Amino acid sequence: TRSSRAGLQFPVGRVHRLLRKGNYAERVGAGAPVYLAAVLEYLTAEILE
DNA sequence: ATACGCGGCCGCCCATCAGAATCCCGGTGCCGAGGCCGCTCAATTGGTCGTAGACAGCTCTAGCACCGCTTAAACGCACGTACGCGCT
């Protein structure tokens, strides 16, 4: 389930919703919620340490 | 009248009993992961429809290349002036 299937530490089923409610393009590409959680986690980790 | 005795005082080394101080073991407070949890409202699940957008065909602009006549602009150097910058 999202983190699982994706294999990330970030919420994949949270940024998908905001990107569709922000109202960016007409519909949303399937690519992004998942990809978009990934880089975010990556940045998150780069600072903490 | 005249000579002997001594008396506590005292420096001396020498003895006894308490207090100061270092080491052998310590309790205490603060910070940060943990656990617990629970009412719940946002994500997920299973599902339909339709429409963007991938994709293949097509044609039809414009970006490339290439050349040579013409010449304005760059080049390099020579000479000195009037600033950069150092000192006071």
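Residues numbered from 1 in each chain as written, not as in the entry; some residues may be left out. Chains lettered and ligands numbered in written order. Part of a larger assembly, values for the part shown. Heavy atoms only, no water.

Trainee: How should the overall build of chain A be read in this particular structure?
Mentor: Within chain A, the regular secondary structure consists of three helices and zero strands. Ordering the α and β elements of chain A from the N terminus gives α-α-α. Seen through its principal axes, chain A has C-alpha atoms that stretch 40 × 25 × 15 Å. Burial status across chain A gives 12% buried among its 49 residues. (Helix = DSSP H or I, 4+ residues; strand = E, 2+ residues; numbered from the N terminus. Buried < 20%, exposed > 50% of the residue type's maximum accessible area, 1.4 Å probe, protein only.)

Trainee: Teacher, can you tell me more about the protein's contact with DNA strand B here?
Mentor: The environment of DNA strand B is made up of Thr-1, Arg-2, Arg-5, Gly-13, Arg-17, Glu-26 and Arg-27. Within 4 Å of the protein, the atoms of DNA strand B are drawn from sugar and phosphate moieties in a proportion of 81%. Between DNA strand B and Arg-2, the relevant distance is 2.4 Å, taken from a phosphate oxygen to a side-chain nitrogen or oxygen of the residue. The side chain of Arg-27 places a nitrogen or oxygen atom 3.2 Å from a base oxygen of DNA strand B. (Near = heavy atom within 4 Å. Polar contact = N/O pair within 3.5 Å; in protein donor to acceptor, adjacent residues only side chain to side chain.)

Trainee: Quick question: what am I supposed to make of unusual backbone geometry here?
Mentor: Excluding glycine, residues mostly carry a negative phi; peptide bonds, for their part, are mostly trans. Phi is positive for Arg-2, which is not a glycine, with a value near 50°. Structurally, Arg-2 can be placed in the segment before α1 (3-6). Accessibility expressed as a relative area gives 42% for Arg-2, which makes it partly exposed. In this model, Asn-23 sits at a positive phi of 80°, which is unusual for a non-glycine residue.

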